[PDB]
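A.B. asks: an experimental structure, sequence included, is below.
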Amino acid sequence: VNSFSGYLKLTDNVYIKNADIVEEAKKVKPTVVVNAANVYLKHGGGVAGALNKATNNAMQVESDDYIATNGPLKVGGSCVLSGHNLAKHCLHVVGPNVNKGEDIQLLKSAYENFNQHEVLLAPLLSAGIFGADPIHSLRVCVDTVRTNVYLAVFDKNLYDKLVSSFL
Ligand SMILES: O=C1CC[C@@H](c2ccccc2)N1Nc1ncnc2[nH]c3cc(F)ccc3c12
């Protein structure tokens, strides 16, 4: 048993809710919150900009030090950093950005990072400003992640479409 509340169960291990991931993280304080990161960990907009804003820019300060030491992530890759006031840890995962012409095939590799964590609160990778089809992202999530994932979908109309179209 865990404290995630109000989720619809899609499969044995995937759950979904219409929620703001920032507000969800603040309430639950999960062990792991996933950020929709880019390779530079520049948290300007989308989920990343919102998570970073909620940390009062501490996520960005930590991220800039990480990049200065280690260089950029790979598309499809991840790193574990602090969750600040939102979670114990933040798993920064880079899904492909279609608006940069990145290979959508890399979305499966991106979701594989979730399997290193038993339970996660996460957004749909490559959705939103990353330009992929969220229905496709949900399918890849369900077919790739084997650990317990709680998906927060900000947009109510999209949440309803994702549920109603789920196979
Ligand atoms: O609704 C959806 C489906 C796709 C996904 C997404 C992913 C990367 C970039 C943009 C959008 N996304 N966005 C969110 N998902 C969950 N909680 C969120 N809190 C936010 C607060 C904000 F200021 C802006 C957006 C979100 C948000």
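C.D. replies: Nice, I can see it. Numbers count the residues shown, from 1 in each chain.

A.B. asks: after the lengthiest helix in the chain comes which helix or strand?
C.D. replies: Determined from DSSP state H, the single longest helix within the chain is helix 58-70. Following helix 58-70 in sequence order, the next helix or strand is strand 78-82 (DSSP states H and E).

A.B. asks: relative to residue 65, how far out is the closest residue to the ligand within the chain?
C.D. replies: Among the residues of the chain, residue 128 lies closest to the ligand, at 1.6 Å counting by CB to the nearest ligand atom. Quick note: C-beta positions are derived from backbone N, CA and C, even for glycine. Look at residue 128 and residue 65: by CB to CB, to the nearest Å, they are 26 Å apart.

A.B. asks: before we move on, back to that, CA atoms of the longest helix of the chain as PDB?
C.D. replies: Coordinates of each C-alpha in helix 58-70 appear next as PDB, following Å, rounded to 0.1, in the frame of the first residue of the first chain:
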ATOM      1  CA  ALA A  58      17.000  25.100  -6.500                       C
ATOM      2  CA  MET A  59      16.500  22.300  -9.100                       C
ATOM      3  CA  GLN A  60      18.200  24.600 -11.700                       C
ATOM      4  CA  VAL A  61      21.100  25.500  -9.500                       C
ATOM      5  CA  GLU A  62      21.800  21.800  -8.700                       C
ATOM      6  CA  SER A  63      21.300  20.900 -12.400                       C
ATOM      7  CA  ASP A  64      23.800  23.500 -13.600                       C
ATOM      8  CA  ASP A  65      26.400  22.000 -11.300                       C
ATOM      9  CA  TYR A  66      25.600  18.500 -12.600                       C
ATOM     10  CA  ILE A  67      26.100  19.600 -16.200                       C
ATOM     11  CA  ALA A  68      29.300  21.500 -15.400                       C
ATOM     12  CA  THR A  69      30.700  18.300 -14.000                       C
ATOM     13  CA  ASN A  70      29.300  15.600 -16.200                       C
END
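
A.B. asks: ok, and does it reach over to the ligand?
C.D. replies: No. Helix 58-70 stays clear of the ligand (CB under 6 Å from any ligand atom), getting no nearer than 13.6 Å.

A.B. asks: go ahead and list the helix or strand containing the residue lying closest to residue 122 once chain neighbours are set aside.
C.D. replies: Of all residues not flanking residue 122 in the chain, residue 34 sits nearest, at 3.6 Å (CB to CB, 6 or more residues apart in numbering). In this assignment (DSSP H and E), residue 34 forms part of strand 32-36.

A.B. asks: hang on, the earlier thing: so what's the residue count around the residue nearest to residue 122?
C.D. replies: Using other CB atoms under 10 Å, residue 34 has 32 other residues around it.
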